[PDB]
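The same protein chain appears twice below, in two forms, each given on its own as structure tokens and labelled structure 1 and structure 2.
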Structure 1
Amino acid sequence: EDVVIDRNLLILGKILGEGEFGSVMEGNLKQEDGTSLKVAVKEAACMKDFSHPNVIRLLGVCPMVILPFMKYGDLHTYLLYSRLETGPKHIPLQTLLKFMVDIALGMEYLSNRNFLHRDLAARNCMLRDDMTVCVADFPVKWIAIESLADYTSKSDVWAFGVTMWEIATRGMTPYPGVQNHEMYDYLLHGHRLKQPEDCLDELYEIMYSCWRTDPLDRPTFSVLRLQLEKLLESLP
């Protein structure tokens, strides 16, 4: 209630995309400093307290929810553009791993606060002006096997592994050749996302540990965040 903003401080503009229960739009937020800020517009007070560069920060509420502007949009669509000329230059492995470290750092933050991000995917990750990724939106091919049957932080670890696959493949859709209805039986028989072509075995061993049948056998986000930071260290 403390951070609800006066509606008449918000100028709405064009649509940027669609949402779960409405549209996402650009906007200008007039601040207490006097200047106007470019924002995106669509309980939530529990996220005004969230403070982490790799987590996306709530500015206020008008119902409309006032969020920052990530001029590079979602990570998923950004990965596909990179594979096209005119779009961003071909993303090397180092930059790809940095995308995974930022997300792990953000999930390491929310997991320590016992917050579950039930729709973690490459499409729900946003790119700041400094190319640093931060999680948002907190879909069968991302749901862990145990959650298909019936959700914990170990289920986000699973979805994180799928996101590492989306990044490693630069925008491929998970499980090519498998239909959504075939996923449970496909996973229940012990199959997992195959290894991308030029993906280091060191990197595939990490994302593979995210899909271990028993949730307790999967690593925590803090463990994953370091396995990735250290692999990135070992690269020139």
Structure 2
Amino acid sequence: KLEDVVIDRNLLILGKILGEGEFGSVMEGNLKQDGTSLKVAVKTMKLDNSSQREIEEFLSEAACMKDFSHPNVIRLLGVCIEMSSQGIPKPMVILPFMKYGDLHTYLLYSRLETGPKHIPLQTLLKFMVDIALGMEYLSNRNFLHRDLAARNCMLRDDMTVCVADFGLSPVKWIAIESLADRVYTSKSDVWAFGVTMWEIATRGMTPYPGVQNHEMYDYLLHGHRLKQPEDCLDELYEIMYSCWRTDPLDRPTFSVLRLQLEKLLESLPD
């Protein structure tokens, strides 16, 4: 067994809510860890199946993420498990607290006079370079993100982006084949990465302006894809475009994308 993943619940003090989703919530917290303390980010969830089957499979997956070590992939400190007021297991995943917050909010704030100012092209490409390196590290270990989007990418204290908030087993990030067959592969993550690239290049735009969520599958079925942004370089749009090919076998690997973006940033007068 690898029970380095389970943290004593009495070492954790829960604070103010960062956000409330359908699954769970994200909150500020303090971890005793040594007489000292540490500011952390806590993600609560609510499982099903009272028996070991569901919780052990979740624990195994938690042990996997903890044993990861890369600057562009969020580090998982541990997991506390408490039973809820209804008898349901409530796992609480503990990560380091990210003061600069998510990448999606930072991009929209770069368009406001408070906080960050205009993000130059080179800084936008570095963000993409960072996501691509973290994603490449994940696929070279056969781990599927399942929920890659700009709101799930965090800015570290040195201002390098890491991938976070992985999904387990939003329409506008889901690959065409995954909407019809519900089959999720590495190319479905490549699809989501292309959408994330478009979020960065548009500086926070919601994908497919004008198209409603319920009409997305049919829209993609007709060969429609995200339109090229204003002032977006042609070479850059062709990179994100290659992520959305109808046949997933036509999509490029994460090593090819990372190589493409790094070669483009190095071609600019940075």
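In this text, rigid core is short for the largest set of C-alphas that superpose within 1.5 Å between two forms. Reference numbering: structure 1, starting with residue 1.
For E18, a C-alpha deviation of 2 angstroms or more is recorded between structure 1 and structure 2 after rigid-core alignment. Relative to the superposed core, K230 shifts its CA atom by less than 2 Å between structure 1 and structure 2. Relative to the superposed core, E197 moves its CA by 0.2 Å between structure 1 and structure 2. Its Cα shifted by 2.8 Å, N8 is compared between structure 1 and structure 2 on a rigid core fit.
In the core-aligned comparison between structure 1 and structure 2, the Cα atom of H181 sits 1.4 Å away from its counterpart.
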